[PDB]
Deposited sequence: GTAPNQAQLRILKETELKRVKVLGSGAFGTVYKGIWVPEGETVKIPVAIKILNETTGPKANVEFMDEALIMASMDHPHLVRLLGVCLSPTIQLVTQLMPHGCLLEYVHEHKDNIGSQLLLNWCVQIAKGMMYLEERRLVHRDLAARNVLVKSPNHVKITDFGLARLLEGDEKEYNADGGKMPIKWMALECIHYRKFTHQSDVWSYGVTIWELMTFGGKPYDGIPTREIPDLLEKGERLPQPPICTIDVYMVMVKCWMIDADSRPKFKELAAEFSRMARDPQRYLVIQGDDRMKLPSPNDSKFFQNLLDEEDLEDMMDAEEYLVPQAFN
C-alpha cells in the first residue's frame, strides 16, 4: 500500500465544486513530472488542522489502502500550504445531486443497484474495521449511472444530526451499526429522489422525535417490503439492526425483479399485487 505525495505546483485548481464543514472541494488538474499527462482530479482542502505528522501519515496510509469497487480511492496528498486530499474526478458528481437531476430518467433497477453497491462498499469498510461516521447520499459519488462509490470514510479520523443514530447524538458511540442507521437514511434519500430528511423540522427536536417512535415516512415509490428494511436500520437497539451483509443480500435479491419492489409511475398505471 503506497500513498502519493504531490507537489503544490503539481496541482492546479480550476474552480470550486462545494465546501462542507470539514473543508473545500476543488475541481483541479494534476501534472506528474514532465508535461505529458493531466488529470481531472478533485482536491479536498481541509481548513481550521490536521498537520503533517507521523499520526497524519499513518491515517492517510490506511485510507490509501482502502481498495474497493464502490469506495473512492485516495490517489495522493499535498502538504505544503495546508493538507490537501487528492482524488480522481467524478464528472457526474454526488448521488444526491444526480437523483434530483435525473428524477424522470431513473428506474427501479438502478435505484436497487445503488443500494447493493453502497452496502457492498460498507461491507469492505466493516471488514477492515473503518467506521464511516457520515454516510449520506452527498458522500456517495457517481462514476457512471450503474456505478457509485462511497467517499469521505473515516474523515473524522482526520478531523449530520439527521443521518446520525440516536446513540451517536447522545453518547457519541460511533460503530458499524450506527453506520447502518445512516445507510437507511441514505437509501431513503435515493427512493425519494433527493428528499431532505425530516424537512421543516429543527435539529434539536430530532432526538425526542426518534424516542417517541417516529421515523421517516414510507417513500411514495416504496413497497412495504423495501420500507421495512429501512425501518430495521432505525431500530433503537443497535444489535437488532441489519448487518451490511444482510442489506446487500436483500437488495441483490430485489435487484433480480426490480419493479416488483419499487413502483415508479409511463402513461399507463402500474398495479401492485400482494
Tell me which segments of the deposited chain sequence are not represented by C-alpha atoms in this structure. 1 to 6, 55 to 56, 168 to 181, 288, 298 to 328
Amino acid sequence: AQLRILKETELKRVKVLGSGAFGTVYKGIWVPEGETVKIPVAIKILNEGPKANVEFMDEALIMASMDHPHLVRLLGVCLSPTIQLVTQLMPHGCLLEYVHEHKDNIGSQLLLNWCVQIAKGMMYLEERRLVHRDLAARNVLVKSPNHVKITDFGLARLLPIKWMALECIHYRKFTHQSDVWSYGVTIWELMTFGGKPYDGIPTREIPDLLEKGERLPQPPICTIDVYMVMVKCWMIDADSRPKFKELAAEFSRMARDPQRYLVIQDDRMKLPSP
From here on, numbers count along this sequence of modelled residues.
If you take the mean CA temperature factor per stretch, which one wins between 216 to 224 and 22 to 30? 22 to 30
Between 67, 205, 237, 59, let me know which has the highest C-alpha B-factor in the entry? 59
Among modelled residues of the same chain, the CA temperature factor third for residue 243: lowest
Quick check for you: using the entry's CA B-factors within this chain, is residue 157 in the lowest, middle or highest third? highest
